[PDB]
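Enquirer: before the rest arrives, take these chain(s) from the complex:
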Amino acid sequence: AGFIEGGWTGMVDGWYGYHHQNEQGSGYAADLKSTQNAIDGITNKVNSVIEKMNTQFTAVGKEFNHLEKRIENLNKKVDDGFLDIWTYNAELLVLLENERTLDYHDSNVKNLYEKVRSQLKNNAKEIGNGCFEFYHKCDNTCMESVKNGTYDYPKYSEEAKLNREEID
């Protein structure tokens, strides 16, 4: 849903998460592991990008007399050139790093989706909007096992094949 479809305003405990819907109802739940890694990385990124800019001690301006006009224009050029250089660096890195930040978030979405997919290959059928419909019943315990990386595929493989082969 990075651009596939929309986000979730009801999920307010993390960047990324799941929306589960079973017999016991529905609800949002953030994935703390991937959200935590993303916070770690974006924090280190912002701090590195900002803190990398340290400059030497400078009393900037200079005024040169009527016999030092060449001396003068050179100093104004140096001042304004350091201006241009630091401005150029800040602008480019802000643009590039906002790009890379959005793309990093997209890749985190993709990785979470692929994890949930690899856990449930034939026990669930993919719904095209980043969803899965179970051929079996995934109770709260099953949902949590999917969420903390410990889904049991042989546990439900029997019921899922039965319901799958009948559905199809």
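Expert: Now that the structure is in, tell me what you want to look at. Numbering: from 1, shown residues only, chains lettered A, B, ... in the order given.
Enquirer: going forward, measure contacts between C-alpha atoms and count neighbours the same way
Expert: Fine.
Enquirer: now residue A:71: how far from residue A:77?
Expert: 10 Å (Cα to Cα, to the nearest Å).
Enquirer: go on, residue A:38?
Expert: 42 Å.
Enquirer: With residue A:41 instead?
Expert: 39 Å.
Enquirer: Looking at those two, which one has more neighbours?
Expert: Comparing residue A:41 with residue A:77 by other Cα atoms under 10 Å, the one with more neighbours is residue A:41, at 14 against 11.
Enquirer: Which element, helix or strand, includes the more buried one?
Expert: Secondary structure assigned from DSSP states H and E places residue A:41 in helix A:32-51.
Enquirer: just checking, next helix/strand downstream of that helix?
Expert: That would be, after helix A:32-51 and using DSSP H and E, helix A:69-119.
Enquirer: residues in contact with the closest residue to residue A:75 other than its chain neighbours?
Expert: Spatial nearest neighbour of residue A:75, excluding adjacent residues (Cα to Cα, 6 or more residues apart in numbering): residue A:62 at 6.9 Å. By Cα atoms under 8 Å, 6 or more residues apart in numbering, residue A:62 lies in contact with A:72, A:75, A:76.
Enquirer: following sequence is chain B, add it:
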Amino acid sequence: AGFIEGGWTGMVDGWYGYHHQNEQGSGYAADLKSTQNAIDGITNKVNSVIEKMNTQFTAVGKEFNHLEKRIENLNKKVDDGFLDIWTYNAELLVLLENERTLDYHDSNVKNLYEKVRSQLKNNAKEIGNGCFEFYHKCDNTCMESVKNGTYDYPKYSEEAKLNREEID
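Expert: Adding chain B to the chains above:
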């Protein structure tokens, strides 16, 4: 990152698109949506990179007298330093951004093929030459429905089921 199979010299109406082959014939037809997004993005990127390099008012050279030698070497050093900095920035940005442009285009390919994947899961068979063979008859209307992202899987699910099971 790199996602390439082969190019189409015959599709002359867009960066990306489709090659359709049904009983009403065959032809190339560009996907205007993804091509459009790509042109927008590349245009904005190029314009941002170029227009950030703005120009000041600096008659470059200075010629100093015999009692201003160290002044003079400082000024030549400043000229050559701004030269090297701007050259370095231009070179590296061009290199990096050509790399990133090609990678962006590759990901556009991948996203389009994912979209066609999602509209057509079991109603078609994927081929290693990055194509699809329908297990049913996809006429011009079906082709257009896939091209504008409005394909109807239940419409052909039964026909595709029958032929797909017929293969074996």
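Enquirer: ok chain B is loaded, check the contacts of residue A:62 again?
Expert: By Cα atoms under 8 Å, 6 or more residues apart in numbering or on different chains, the residues touching residue A:62 are A:72, A:75, A:76.
Enquirer: What's the local residue count around the last one?
Expert: Residue A:76 has 15 neighbouring residues, counting by other Cα atoms under 10 Å in any protein chain shown.
Enquirer: which one in chain A is furthest away from the centre?
Expert: residue A:67 (59.0 Å; Cα atoms, centre = their mean).
Enquirer: separation between it and chain B?
Expert: 11 Å (Cα to the nearest Cα, to the nearest Å).
Enquirer: Distance of that residue relative to residue A:124?
Expert: For residue A:67, the distance to residue A:124 equals 84 Å [Cα to Cα].
Enquirer: next one: residue A:88
Expert: Per Cα to Cα, residue A:88 is found 51 Å from residue A:124.
Enquirer: the more surrounded of the two?
Expert: residue A:124 (21 against 17).
Enquirer: so who does residue A:82 touch?
Expert: Residues in contact with residue A:82 (Cα under 8 Å, 6+ apart): none are found.
Enquirer: Quick check, central residue of chain A?
Expert: Closest to where the C-alpha atoms of chain A average out (Cα atoms, centre = their mean) is residue A:105, at 2.0 Å.
Enquirer: include chain C as well:
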Amino acid sequence: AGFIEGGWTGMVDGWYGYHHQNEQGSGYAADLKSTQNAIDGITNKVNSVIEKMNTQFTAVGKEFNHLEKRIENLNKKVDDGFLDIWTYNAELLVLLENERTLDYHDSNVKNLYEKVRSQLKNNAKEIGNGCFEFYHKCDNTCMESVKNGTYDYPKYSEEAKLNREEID
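Expert: With chain C now in place:
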């Protein structure tokens, strides 16, 4: 991006490769093609990044007298500002390019896996951890045919069909 779990301390002959396990035993074997491409790319990358730095030499410091304190401060400012600019460029290029290098390698992983998956569309079964279980017998010649991108799907399609469908 799409990173993985696990490491292969035993594979000592390349960046990437396979672990095969058939009737004739098991073993590691590096994919010379993709590692060769990655080494070409990383070599050209390091060389470009370093070559851009190579520019002209210049005796840095200047000495000014008591009636030249100001051009002296301007010269020290110029020296120190070029120092900062080059330091910052080197630092950020190191950081961002180590980032992009790890990402490039991850993408090479993904490409190799998808190549193998396209060769073994149905004749095998994705384990999940990053492997494949064959529904047929893949002896050393079969392994090599997959490794150099010439696997013969119709050759084993019938054997794989029989075994695969015997499971269900």
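Enquirer: can you check the contacts of residue A:62 again with chain C included?
Expert: Shown in contact with residue A:62 (Cα under 8 Å, 6+ apart): A:72, A:75, A:76, C:70.
Enquirer: And residue A:73, by the same measure?
Expert: Neighbouring residues of residue A:73 by Cα under 8 Å, 6+ apart: residue B:58.
Enquirer: contacts for the helix or strand residue A:163 falls within?
Expert: Using DSSP H and E, residue A:163 maps to helix A:153-167. For helix A:153-167, the surrounding residues in contact (Cα under 8 Å, 6+ apart) are A:119, A:120, A:122, A:123, A:124, A:134, A:135, A:136.
Enquirer: most neighbours, which of those?
Expert: Of all those, the highest neighbour tally under other Cα under 10 Å goes to residue A:123, namely 24 neighbours.
Enquirer: Number of residues surrounding the closest residue to the residue nearest to the centre of chain A other than its chain neighbours?
Expert: With sequence-adjacent residues excluded and distances taken as Cα to Cα, 6 or more residues apart in numbering or on different chains, residue A:105 is closest to residue A:38, at 7.7 Å. Using other Cα under 10 Å, residue A:38 is surrounded by 18 other residues.
Enquirer: again, but for residue A:151
Expert: Neighbour count for residue A:151, taken as other Cα under 10 Å: 19.
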